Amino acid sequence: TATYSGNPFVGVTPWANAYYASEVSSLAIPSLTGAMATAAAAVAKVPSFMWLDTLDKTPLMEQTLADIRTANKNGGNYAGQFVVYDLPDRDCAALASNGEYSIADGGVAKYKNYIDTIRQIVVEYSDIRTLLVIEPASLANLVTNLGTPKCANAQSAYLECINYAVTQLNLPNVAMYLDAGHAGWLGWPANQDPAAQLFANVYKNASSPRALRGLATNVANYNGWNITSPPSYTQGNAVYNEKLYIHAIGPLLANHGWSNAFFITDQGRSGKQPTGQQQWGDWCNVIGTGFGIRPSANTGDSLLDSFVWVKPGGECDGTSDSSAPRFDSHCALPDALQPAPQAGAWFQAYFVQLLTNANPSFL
């Protein structure tokens, strides 16, 4: 059954899409031989989230759900995993991941049409349980990054757009997780309560949507889930892993009106601990990382619904070419792997790095 109560990951199996599988098989494997080539083929089996970073990706969302329907009637029981990520004036704190819609060019109205498009696909496939991460970095940027003019002038649009996303996708087969940054971002004691207030306000302002399950953490980041020793670059923060973050912000969400909020955590680039990060704020194509804890609903945690792979390992975080569009200085740093292609595009060297440093190992 597509509908659910409680943990939406219980009773289903996350779907490994053909989009990532095509990338690995056609862009990575032809370049690899021997033990590496076989290890790479195994990675394409690991379920990860499909990103709807453009409106042109929604037909591919439908294609993926078409594959799930076929698989479910052949005997299986699979669930869809997608990311809603096409906000007007997207990626307001950086320059690497600016999107197609801008507030000045009717972006809010274009975002609502984008949401309407997704809703129709979700109604078309109401027989399939659909798991969604809502707008990465957006709300986390509104907490700490209002000093950036792009974020400040995007606050009203973000909040109206997110509200439209959580109410229009509030369907019986949907489970939503608002992006909530990570331990190195909002995990700091000073950021915890202001972050909790904002998430709870989004929840309350949308009339407590029953499909809105909770928060997603560490999306496209590198933090360890439950590492016992604090890495050098976490110096000053008692919240140095993802487990500590969710158990801190959790009761704070309840304080501000959001009871029964649960968490998912990205671990697809968290295998090697500590990372090659020279500063904790460095996010672009970070060196010294590997594939981490495999997706599983058996977490052994009171608040974690599932380990997930949101960011598909191999897809770039941003270009290191200073003569290219959308260039961010974060991608030219010593701990950023070079040379790096455009954000979202395939980064061959980075995939090889992730596979070699994988823990659990594929080799």
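Residue numbers here begin at 1 and follow the sequence given.
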Decide which of the stretches 74-82 and 104-112 has the higher mean C-alpha B-factor, going by the entry.
74-82
Taking the recorded C-alpha temperature factors, which stretch has the higher mean, 262-270 or 197-205?
197-205
At the C-alpha atoms, which of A297, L303, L60, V310 reaches the highest B-factor in this entry?
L60
Ranked against its chain, the third holding the CA B-factor of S126
highest
Divide the modelled residues of the chain into thirds by Cα B-factor and specify which third, lowest, middle or highest, holds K150.
middle
CA B-factor placement of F327, once the chain's modelled residues are sorted into thirds
highest
